[PDB]
Structure formats: structure tokens, C-alpha cells
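Only one structure is covered here, and it is reproduced in the block below.
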Amino acid sequence: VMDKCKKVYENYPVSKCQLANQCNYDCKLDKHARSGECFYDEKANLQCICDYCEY
Ligand code: NA
């Protein structure tokens, strides 16, 4: 099974993508991620995506 650096934060309240650093904060605290940010998908719907890799 491929190890993927990024994973959508399941069921995250997208409204929080409006808050600076909030997806990053919640990814790191709630998921032990290295970081997180919100991203627009191909239809421009926002999702909070956690990142488990270092850069
Ligand atoms: Na931010």
C-alpha cells in the first residue's frame, strides 16, 4: 500500500479554512501531522489536507 504524504482531514469543518493557520494547527494537534493547509480541489471545493512528510 502506497505511503502518501497528504491525506484529507476527514469531516473537517470547511468553514475553518477561513481562519489563518487553523487547518495546520488542527492537523498537527489532532492527527500528529507535520503540517496542514486547505486546498482547492478540481471543482474549487476547499478541503483541509494534512501532511505527514517533512520538506
Ligand atoms: Na494559514
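Convention: chains lettered A, B, ... in C-alpha cells order; per-chain residue numbering from 1; ligands numbered from 1 as shown.
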
TODO: Excluding residue 31 (chain A) and any residue of its chain fewer than 4 positions from it, enumerate the residues within 12 Å of it, using only C-alpha atoms, and give them as a PyMOL selection string.
DONE: chain A and resi 6-10+12+23-27+35-36+49-52

TODO: Around ligand 1, at most 7 Å away and counting only C-alpha atoms and all ligand atoms, which residues are there? Put them as a PyMOL selection string, please.
DONE: chain A and resi 19-22+24+37

Going by DSSP on the backbone, which bits of chain A are alpha helix (DSSP H)? Write them as a CSV table (one decimal) with N, CA and C atoms, in the first residue's frame, please.
```
chain,number,residue,atom,x,y,z
A,22,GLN,N,-5.5,27.6,10.9
A,22,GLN,CA,-6.3,26.7,11.6
A,22,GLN,C,-6.2,25.2,11.2
A,23,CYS,N,-6.2,25.0,9.8
A,23,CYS,CA,-6.1,23.6,9.3
A,23,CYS,C,-4.7,23.1,9.7
A,24,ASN,N,-3.7,23.9,9.7
A,24,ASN,CA,-2.3,23.5,10.1
A,24,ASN,C,-2.3,23.1,11.6
A,25,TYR,N,-2.9,24.0,12.4
A,25,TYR,CA,-3.0,23.7,13.9
A,25,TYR,C,-3.7,22.4,14.1
A,26,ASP,N,-4.9,22.2,13.6
A,26,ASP,CA,-5.7,21.0,13.8
A,26,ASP,C,-5.1,19.8,13.3
A,27,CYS,N,-4.4,19.8,12.1
A,27,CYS,CA,-3.7,18.7,11.6
A,27,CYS,C,-2.6,18.2,12.5
A,28,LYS,N,-1.8,19.2,13.0
A,28,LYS,CA,-0.7,18.9,13.8
A,28,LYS,C,-1.1,18.3,15.2
A,29,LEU,N,-2.1,19.0,15.8
A,29,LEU,CA,-2.5,18.6,17.1
A,29,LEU,C,-3.4,17.3,17.0
A,30,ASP,N,-4.4,17.3,16.2
A,30,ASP,CA,-5.4,16.2,16.2
A,30,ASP,C,-4.9,14.9,15.5
A,31,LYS,N,-4.0,15.1,14.5
A,31,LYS,CA,-3.6,13.9,13.7
A,31,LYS,C,-2.1,13.7,13.8
```

Open item on the list: Among chain A, which ones does DSSP assign to strand (DSSP E) (computed from the backbone)? Answer as a ChimeraX atom specification.
Closed with: /A:6-8,35-40,46-51

Limited to N, CA, C and O atoms, could you put the picked residues into a file as a PDB file, in the first residue's frame?
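Below is the file that was written, out19.pdb:
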```
ATOM      1  N   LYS A   6       0.111  13.186   1.913  1.00  0.00           N
ATOM      2  CA  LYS A   6      -1.056  14.021   2.162  1.00  0.00           C
ATOM      3  C   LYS A   6      -2.299  13.171   2.348  1.00  0.00           C
ATOM      4  O   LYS A   6      -2.469  12.144   1.674  1.00  0.00           O
ATOM      5  N   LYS A   7      -3.166  13.608   3.260  1.00  0.00           N
ATOM      6  CA  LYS A   7      -4.451  12.962   3.465  1.00  0.00           C
ATOM      7  C   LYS A   7      -5.455  14.015   3.907  1.00  0.00           C
ATOM      8  O   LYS A   7      -5.209  14.751   4.869  1.00  0.00           O
ATOM      9  N   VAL A   8      -6.597  14.067   3.225  1.00  0.00           N
ATOM     10  CA  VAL A   8      -7.672  14.959   3.631  1.00  0.00           C
ATOM     11  C   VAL A   8      -8.038  14.705   5.086  1.00  0.00           C
ATOM     12  O   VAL A   8      -8.181  13.556   5.519  1.00  0.00           O
ATOM     13  N   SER A  35       2.154  19.113   9.205  1.00  0.00           N
ATOM     14  CA  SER A  35       1.593  20.396   8.789  1.00  0.00           C
ATOM     15  C   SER A  35       0.228  20.120   8.188  1.00  0.00           C
ATOM     16  O   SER A  35      -0.182  18.970   8.011  1.00  0.00           O
ATOM     17  N   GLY A  36      -0.468  21.195   7.847  1.00  0.00           N
ATOM     18  CA  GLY A  36      -1.676  21.085   7.056  1.00  0.00           C
ATOM     19  C   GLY A  36      -2.022  22.426   6.458  1.00  0.00           C
ATOM     20  O   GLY A  36      -1.601  23.469   6.969  1.00  0.00           O
ATOM     21  N   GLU A  37      -2.730  22.388   5.334  1.00  0.00           N
ATOM     22  CA  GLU A  37      -3.289  23.602   4.759  1.00  0.00           C
ATOM     23  C   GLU A  37      -4.553  23.223   4.021  1.00  0.00           C
ATOM     24  O   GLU A  37      -4.775  22.059   3.694  1.00  0.00           O
ATOM     25  N   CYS A  38      -5.387  24.222   3.746  1.00  0.00           N
ATOM     26  CA  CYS A  38      -6.530  23.975   2.875  1.00  0.00           C
ATOM     27  C   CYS A  38      -6.133  24.095   1.408  1.00  0.00           C
ATOM     28  O   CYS A  38      -5.264  24.892   1.032  1.00  0.00           O
ATOM     29  N   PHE A  39      -6.758  23.257   0.586  1.00  0.00           N
ATOM     30  CA  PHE A  39      -6.513  23.206  -0.844  1.00  0.00           C
ATOM     31  C   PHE A  39      -7.840  23.201  -1.581  1.00  0.00           C
ATOM     32  O   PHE A  39      -8.821  22.614  -1.121  1.00  0.00           O
ATOM     33  N   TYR A  40      -7.837  23.841  -2.748  1.00  0.00           N
ATOM     34  CA  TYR A  40      -8.960  23.729  -3.673  1.00  0.00           C
ATOM     35  C   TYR A  40      -8.812  22.466  -4.509  1.00  0.00           C
ATOM     36  O   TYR A  40      -7.748  22.220  -5.081  1.00  0.00           O
ATOM     37  N   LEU A  46     -13.039  23.482  -1.206  1.00  0.00           N
ATOM     38  CA  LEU A  46     -11.931  23.506  -0.257  1.00  0.00           C
ATOM     39  C   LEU A  46     -11.955  22.288   0.654  1.00  0.00           C
ATOM     40  O   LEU A  46     -13.015  21.836   1.101  1.00  0.00           O
ATOM     41  N   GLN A  47     -10.761  21.776   0.956  1.00  0.00           N
ATOM     42  CA  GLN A  47     -10.587  20.721   1.944  1.00  0.00           C
ATOM     43  C   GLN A  47      -9.339  21.038   2.751  1.00  0.00           C
ATOM     44  O   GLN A  47      -8.358  21.558   2.217  1.00  0.00           O
ATOM     45  N   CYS A  48      -9.391  20.703   4.035  1.00  0.00           N
ATOM     46  CA  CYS A  48      -8.201  20.754   4.881  1.00  0.00           C
ATOM     47  C   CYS A  48      -7.406  19.466   4.687  1.00  0.00           C
ATOM     48  O   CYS A  48      -7.952  18.366   4.851  1.00  0.00           O
ATOM     49  N   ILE A  49      -6.149  19.594   4.275  1.00  0.00           N
ATOM     50  CA  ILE A  49      -5.320  18.442   3.931  1.00  0.00           C
ATOM     51  C   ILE A  49      -4.100  18.424   4.830  1.00  0.00           C
ATOM     52  O   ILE A  49      -3.297  19.367   4.837  1.00  0.00           O
ATOM     53  N   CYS A  50      -3.951  17.342   5.578  1.00  0.00           N
ATOM     54  CA  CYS A  50      -2.800  17.198   6.452  1.00  0.00           C
ATOM     55  C   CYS A  50      -1.645  16.572   5.695  1.00  0.00           C
ATOM     56  O   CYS A  50      -1.833  15.802   4.749  1.00  0.00           O
ATOM     57  N   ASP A  51      -0.436  16.895   6.131  1.00  0.00           N
ATOM     58  CA  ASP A  51       0.784  16.417   5.511  1.00  0.00           C
ATOM     59  C   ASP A  51       1.638  15.752   6.581  1.00  0.00           C
ATOM     60  O   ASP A  51       1.920  16.347   7.629  1.00  0.00           O
TER      61      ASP A  51
END
```
